[PDB]
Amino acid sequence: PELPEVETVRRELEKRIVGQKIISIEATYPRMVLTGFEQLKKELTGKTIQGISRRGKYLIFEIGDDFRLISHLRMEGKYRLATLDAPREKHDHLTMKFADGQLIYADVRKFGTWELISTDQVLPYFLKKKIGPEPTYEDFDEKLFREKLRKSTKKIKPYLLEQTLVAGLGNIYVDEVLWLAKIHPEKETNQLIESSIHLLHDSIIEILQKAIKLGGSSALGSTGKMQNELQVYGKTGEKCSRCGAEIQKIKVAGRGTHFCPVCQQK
C-alpha cells in the first residue's frame, strides 16, 4: 500500500468501526506488535475506537482517551471486517473483536507493524521518523522542496522514495509521477530546473489526489480503480500513451523502475 491505498483503508475504517468497543484482542503472531502484544491487549481491551487518522503511509487508530495504535501495512498488509464466526485464514495475525464483528489483520510477508503509543507521543514519533510533508497544496511547500533538490546529488526516484521530501510515494506512484512530470528516475536532483521542479511538485499532489479519489490501485480497499489509470508501472513493453515509444523497465537503487525513454530524457 502507498498513501492512496492507506487513505482508502482509513476512510473505510472510519465509516465502520468508529464508536466500537473492543471486546477482546487475540494474536497468532504477537511479535508484530513492536511495543509488546500482551501489553497492548491489557491496555486496549474494553476501550472504544474514537477515530482513525493517517500520516504518510501510517494508519493511526485513536482509541480510548489517549491511546494511539500506529499501524504500517508495509508490502502486503491487509485488513478486513469479518463475522465473529469467520474461519481463520493462513496469514491472519491479529484480530480486534467487537460485539458484532471483528477487524482482522493479515500479512503474508509478516512485514507490517503495530505500535501502541500515547496521544502526546504521536508528533514526536513522526518527527523521529523524519517523515516529510503531506502531499497537499497547503502542506507541501514547493520552495523548501526546491532548495532540498538543489543541494543534493541523489537520484530523483530514490530521493522521493525516502518519504523525506514529501510523504506517501511508493514504487507505483513514484514511477507514475516521474512519467507525468517527464523526468528520468536517475536524474540527479541538483540538475532539475525550476520549471521541472514545479511540474514535479504539482504532479505529486495531483496523482496522489486522483489515486485517492479512485480508491487506490489493486478486504478493505480492494475496490480501487486507479490501476486502470496507470501509465507506466507494470507496463513494460507496452506503448507510451503520449509518444508511442515502448515503456522500459530498469533497476534503480534496487527497485523495478518503469519509464518512457522519449518522454523522460536521461
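So that the term is clear: the rigid core is the largest set of C-alpha atoms that superpose within 1.5 Å between two forms. Numbers follow the displayed sequence, beginning with 1.
Remark: when the other structures in 5 other deposited structures of this protein are fitted onto this one via the rigid core, 237-245 deviates more than the alternative among 64-72 and 237-245, judged by RMS CA distance. The modelled chain breaks between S218 and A219, where 4 to 9 residues of the deposited sequence lack coordinates. The deposited model assigns a higher average Cα B-factor to 220-228 than to the other stretch when 193-201 and 220-228 are compared. Look at the C-alpha B-factors of 167-175 and of 143-151. On average they run higher in 143-151. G237 sits in the highest third of its chain by CA B factor, as recorded in the PDB entry.
The entry lists a Cα temperature factor for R54 that places it in the lowest third of the chain's modelled residues.
Ranked within its chain, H91 lands in the middle third, by CA B factor from the PDB record. In this PDB entry, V9 carries a Cα temperature factor that places it within the lowest third of its chain's modelled residues.
In the PDB entry, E76 places in the middle third of its chain by CA B-factor.
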